[PDB]
Amino acid sequence: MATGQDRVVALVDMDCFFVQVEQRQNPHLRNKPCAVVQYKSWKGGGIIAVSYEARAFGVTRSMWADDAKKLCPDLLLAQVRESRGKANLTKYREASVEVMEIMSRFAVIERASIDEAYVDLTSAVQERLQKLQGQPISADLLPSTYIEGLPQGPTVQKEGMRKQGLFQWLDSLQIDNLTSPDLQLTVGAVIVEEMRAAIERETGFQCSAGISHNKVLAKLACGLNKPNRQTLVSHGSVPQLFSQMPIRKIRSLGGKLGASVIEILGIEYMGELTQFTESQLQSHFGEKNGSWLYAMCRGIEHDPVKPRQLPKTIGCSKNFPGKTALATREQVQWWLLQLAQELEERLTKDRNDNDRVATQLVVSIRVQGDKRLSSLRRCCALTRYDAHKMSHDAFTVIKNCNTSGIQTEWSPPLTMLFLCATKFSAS
DNA sequence: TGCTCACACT
DNA sequence: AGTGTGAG
Ligand SMILES: O=c1[nH]c(=O)n([C@H]2C[C@H](O)[C@@H](COP(=O)(O)OP(=O)(O)OP(=O)(O)O)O2)cc1F
Ligand SMILES: [Ca+2]
């Protein structure tokens, strides 16, 4: 009976990352309710990142800025840079690289998004445990750490509660056994306090972390005590944790599959999966999903932290909603050329920085009237980092989609253009 | 929201 | 390949 305690895994997550990047650059905005927007001319801008001050008012991602100002009249905004008619994330990718390089000094990380990485600390934990003689862990080593499900048993202030929970954990900690999985988690989190202490010292950014035994738990745990805090979710907190945890809060159960787990099975919380056999779960959801759900609701997951701090694709997309859909052939050239131009800037940087070339160009369009994120994906070869050739070749492989009999028109009008560089080879 | 990115299925 | 899902 194996219990998924073999690894120590952490998930770190930059608290409102884009906001922090803007607040480091423009100090005026620090410690105020503020958000980052892109494209101001439509309803003040779509909001893509919201500080915690601003969230206390209810400002959320994907509002329009004009609606966020209704909820938060003193809300400060920063706008994303625009390059060649489109939002340009280069400042945030560069802060992201800053943080990931720091994290890498500690343990191998899997970049998961521009603002989070997973951390396999199985190996760093063993080494620390031998430098540590066997001496107890001081509560002073975990000054921003919450123990989930503690305190329990026979203080009205938040910091008060945390200390009581950490004292209880440490008081019962079995430091003489260099193999108790709870002790490894504790050491895992000491390493995460230091790793987080150095992000802040060396970039000024604050972040939250989750320390558990796999990636799903660490990600849940990270969310439990935001902002600027870390949470140990031990194997033993799982039954109480999952007992009232909605299915949709576990990673990858937030969409259609989770909804079917809810409907088909007639349950609400992750804990309720444990009453079904593995073959039962497989019969509703397939061999892989039933297996995955059977182990997960018992706190067991095996997805490895992959040693991958660089993306597999470089992508450049722009939407054209509404009357702004592209209706003329020479409109479609121009944006393609705009898209191929930013793609080229970024490809050359990536060759120079990271020693690889992309070999396949993926083009994708949206048609006025279709339903889905994409309406069509097509590819060709990517042999030169040249905007004019990349955009020419991208046109070539989409020109037949033009249903219009006219040459100078384009029917149906295009609602999105997308270029993606993939298939990387060492350079 | 829009602009990304990883991945499973076929 | 090309499509669909899930996420930040
Ligand atoms: O829908 C989105 N839009 C959207 O621009 N981004 C962008 C902007 C954001 O700063 C950055 C971070 O992604 P996160 O979803 O993890 O959120 P954070 O801002 O870092 O902090 P917290 O999770 O609120 O504590 O991606 C994510 C989306 F998911
Ligand atoms: Ca986050």
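Only heavy atoms go into these numbers, but all of them, side chains included; no hydrogens, no water, no symmetry mates. Proteins get letters first, then strands, A, B, ... in listed order; numbering begins at 1 in each.
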Counting the atoms with a prime plus P, OP1 and OP2 as sugar-phosphate, which does [X] contact under 4.0 Å by heavy atoms, base, sugar-phosphate, or nothing?
X        : value
A:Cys316 : sugar-phosphate
A:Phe418 : nothing
A:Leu373 : base
A:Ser113 : sugar-phosphate
A:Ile48  : base
A:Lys371 : nothing
A:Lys219 : sugar-phosphate
A:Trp64  : sugar-phosphate
A:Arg248 : nothing
A:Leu376 : sugar-phosphate
A:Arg81  : nothing
A:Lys86  : sugar-phosphate

**Report entry** Candidate list A:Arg162, A:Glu148, A:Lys158, A:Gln230, test side chain to side chain donor-acceptor pair (under 3.5 Å), partner A:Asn225, passing option
**Finding:** A:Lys158
Requested in this report: Answer yes or no: is there an ion pair linking A:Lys318 with A:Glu342, defined by an N-O contact shorter than 4.0 Å?
Outcome: no
**Report entry** NZ/NE/NH1/NH2 to OD/OE distance under 4.0 Å, A:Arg251 and A:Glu301
**Finding:** yes
Query raised in the report: So, do A:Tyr294 and A:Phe276 have ring centers that fall under 6.0 Å from each other?
Result: no
Report task. Go through A:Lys70 and A:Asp67 one step at a time and tell me if the salt bridge (charged side-chain N to carboxylate O under 4.0 Å, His left out) criterion holds. Result -> CA-CA 5 Å; A:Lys70 303 167 177 161; A:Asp67 299 340; 2.8 Å; yes
Rounding to a whole Å, what distance do you find between [X]:[atom1] and [N]:[atom2]?
X        : N     : atom1 : atom2 : value
A:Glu110 : C:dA7 : CD    : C1'   : 13 Å
A:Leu253 : C:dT5 : CG    : P     : 15 Å
A:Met416 : C:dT3 : CE    : P     : 12 Å
A:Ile47  : C:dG8 : CD1   : P     : 18 Å
A:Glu116 : C:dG6 : CD    : P     : 17 Å
A:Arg366 : C:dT3 : CZ    : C1'   : 14 Å
A:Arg377 : C:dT5 : CZ    : P     : 17 Å

Query - Terminal contacting nucleotides, 5' and 3', DNA chain B versus chain A (heavy atom, 4.0 Å) - result: B:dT1 to B:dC7
Report summary line: Between A:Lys318 and A:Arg308, whichever has its closest DNA chain B nucleotide further toward 5' is A:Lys318
Report summary line: Contacts of A:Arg61 and A:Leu339 projected onto DNA chain B by closest heavy atom; the upstream (5') one is A:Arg61
Report task. Determine: side-chain N/O of A:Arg372 to OP1/OP2 of C:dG4, distance under 4.0 Å, yes or no. Result -> yes
Report task. Return the set of residues passing ring pair (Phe, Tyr, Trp, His ring centres under 6.0 Å) with A:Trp169 (not counting sequence neighbours), or none when no residue passes. Result -> none
Query raised in the report: Taking the inter-plane angle between the rings of A:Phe18 and A:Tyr92 on a 0 to 90° scale, is it parallel (under 30°), tilted (30 to 60°) or perpendicular (over 60°)?
Result: parallel
**Report entry** Earlier contact from the 5' end, DNA chain C, for A:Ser374 and A:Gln360
**Finding:** A:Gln360
Query - Step-by-step ring pair (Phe, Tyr, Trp, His ring centres under 6.0 Å) determination, A:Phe320 to A:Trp334 - result: CA-CA 13 Å; A:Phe320 307 85; A:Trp334 189 83; 9.5 Å; no
